[PDB]
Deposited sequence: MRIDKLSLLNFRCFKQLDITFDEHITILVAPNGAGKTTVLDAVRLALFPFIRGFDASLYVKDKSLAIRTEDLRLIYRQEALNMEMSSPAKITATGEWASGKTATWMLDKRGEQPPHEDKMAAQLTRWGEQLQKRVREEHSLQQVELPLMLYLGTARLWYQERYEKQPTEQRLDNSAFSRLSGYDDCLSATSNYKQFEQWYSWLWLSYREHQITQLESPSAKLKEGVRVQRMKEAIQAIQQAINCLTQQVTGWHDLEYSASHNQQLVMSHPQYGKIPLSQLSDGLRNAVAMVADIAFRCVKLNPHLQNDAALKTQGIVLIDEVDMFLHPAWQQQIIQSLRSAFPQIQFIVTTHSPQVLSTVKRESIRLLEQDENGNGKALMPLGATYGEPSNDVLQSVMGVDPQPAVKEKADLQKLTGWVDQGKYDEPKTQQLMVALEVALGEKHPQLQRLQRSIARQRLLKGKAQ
């Protein structure tokens, strides 16, 4: 499944907006307001009719997975006592469901009336229901492959501490959609499933060792367990190993029944005792990896490498340092190379690692009209300061007390008047205030030397 375009009308922040998406990776950037969160929420709302067809609906009473009266647009006017709503609110999505199956579907809400959807939005539920039907007829030789939907918000690490099988069964396969668009943390689901997986692998290994007469039947259960473990570990290594050195997430009973990681010089340490960035990244990658494993068991090792779907990440680079921020996007594109990523960030280090066609700068005007444009200049492989000034509009020189004097000195020196006593006094004052090795002062000295050389 893939989404190519989205249009909003009278939604939370935008009076109207049209945004297209790149095929593999799209990055949203916004200096002011909460436009990025609005776009992510709109995409999440447009993706729900599919999940509705798998019995995965508001059975836990998730009221956030539909347009609410709190999502409509209210205009406050200072000269009037009355405040009205803007109706209807609409979300239109264009994209592809299966190979060659293009579609456009719309959701709308009018005032306080219940939300309504058109006929293509209902066909999107019918497609999920027929996928479920094909999954439940397991007495077949053909294989059906399920897509992936996932949402990872900023509250994915808040209360990690609050809260099994692996086979080709409908109950086991459809557990990969459980809480897949939820706004809360999903870490204990993974921890329990991974613990069961490791314990079953070990117990079946010893059972096979003590009586291998079941080689042809129980010897392929342990192989499936091993392949699942390997897929998950490879996906996690692709993100952690090179930058941090930690690798091979495991479950250990001798460490107080905890998940542990290994380091060449630091040995084995529980994950809960590691740094914030490492825990955040491990949770992020594990989510996607085991959902992929559970959805598509018949792809033993390539479950993560051969699965298709859409993943939404808010603040992809949380708690990561600049050296780690220069490698996150490529690591994600290497671990899951068939998935469509839509992420948000405000880091120039991340932005320098993508082409300008994968970036969307969001802006509004006074009346709510929205725009999602591309950068005017190149960003792929450029220095961080170039991206920071050209794209985000921030001067790399900070506004310290001496900045204005530096600007005046530059303006005087570059325009030929550098032998005047006032200019020299300013030069010496700035040299003592900022040091003689400041790059701008050095280039001003170069300019003075060049101007002296020309006059000859």
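Not built in the structure, per the record, are deposited positions 164-169, 463-465.
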